[PDB]
């Protein structure tokens, strides 16, 4: 029997990044305080979380805890003759709390001090001289759970003395000056078991993770009727998590589903795939920018491609001269000839995305022609519908021009975008007919999330949801080993995207107008 298990002693903390290709690990989030106070001004949502966790009590479960504690102390009663949690603090910590919040409401307040005396305190608020006097006080109290609230000294000694059953760890994804830090967590001592959704509060993203020390028959009946070379230990870390609420799991769960249940199919490359048909993912752009964190991703190229689209260009050389090689293989002489485009100049990609967005229906000649005022300017049309008729159900942008497919270097994977406006907020669905989960889809989420921001800003709206509909969704067999590595990495809180606020027209964006902030990521993975 362990003391922390008998007396249910937990730690709860909130750590930021600290002012120093930077490498990342859990120890990236370690900033606790600065000059006796919190490193940040105010992060309300963590405050609300901290209070919610340290005040919550379950009466109907206390008798099992009381029974266990008395058995361990060779007693029949807590006596030895309104349930609340206990919260333990350091003196410096208790001094940093403003007066009007002390003692903490609905909690048994305990202060570890070597200089304070209980006479100038109340009797509700206890003072104890060392760690051992806590265990004595807990054995004499009725309480639900015991939360170590810090600070840095208290965390360290409790952690080395193995008195912590779980750590409730808030990751504050921003950087502050700090002089005190959470002690490094030994991953052979604790491991992450649950990760929350990602949130925005007071101009920072944050999430919540949990470290752990290392009728109903009718349901069965309805399951009376309930594959690929993938082994248990392959996804040990992935399957060991209990709560996977981070939105990155929307992408990772789809990969897991394809690996476990996908259909074996052949492809042009001869690599072969596992495929499934029909998925949705939803990302809340008001709370985070969903740039994958379980590997490193770069954004300059996909931003340039998007600016290239908006200009309505079809000339692959424009990208190539900026060393954006997304379309290079699709514009070679051999690739075009295999498309039977024998009279197409190298890197002339034909009436692809940008041409369809600005000139749908115009006759394509070559990438140097002047198409001004030719065909339908869809992009201008949708921006005008969003501004002037926001409840239209016809706000769609379509790249799948059936008449021009064979003239394109290849037909679009991103068939269409539809927009939706409510209470000054813009959402976007993108339908993708063909989804390379390992390589393409991480970039695709970023492209159309950025696009949704761009459209929202030029329409004086706030982005809300990017909604990604996947058609033929596949994992190439040569990515399977790399994706096994990636599925067993635990996501970090997402970054944020900042657009130059001065840009008010869709055509005025330049590469320098986009900034990714606070991107914390695992190391790059060559998909192979």
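Positions refer to the first chain, counted from 1.
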Gap size, residue 227 back to residue 226 (deposited sequence, no coordinates)
4 to 9
With residue 81 and residue 82 adjacent in the shown sequence, let me know how many deposited residues between them lack coordinates: none, 1 to 3, 4 to 9, or 10 or more.
4 to 9
Mean Cα B factor from the PDB record: higher for 329-337, or higher for 93-101?
93-101
Could you settle it for me: does 426-434 or 189-197 have the higher average Cα B factor in the PDB entry?
189-197
Tell me, please, which of 474, 69, 484, 468 has the highest C-alpha B factor according to the deposited entry?
69
From 128, 319, 302, 281, pick the one with the largest CA B-factor in the entry?
128
Hey, what third does residue 364 fall into on Cα B-factor, ranked over its chain?
lowest
Could you say whether, by C-alpha temperature factor, residue 214 belongs to the lowest, middle or highest third of its chain?
highest
Mind checking which third residue 480 falls in for C-alpha B-factor across the chain?
middle
Sorting the chain's modelled residues by C-alpha B-factor, tell me whether residue 495 ends up in the lowest, middle or highest third.
lowest
Please place residue 273 in the lowest, middle or highest third of its chain by C-alpha B factor as given in the entry.
middle
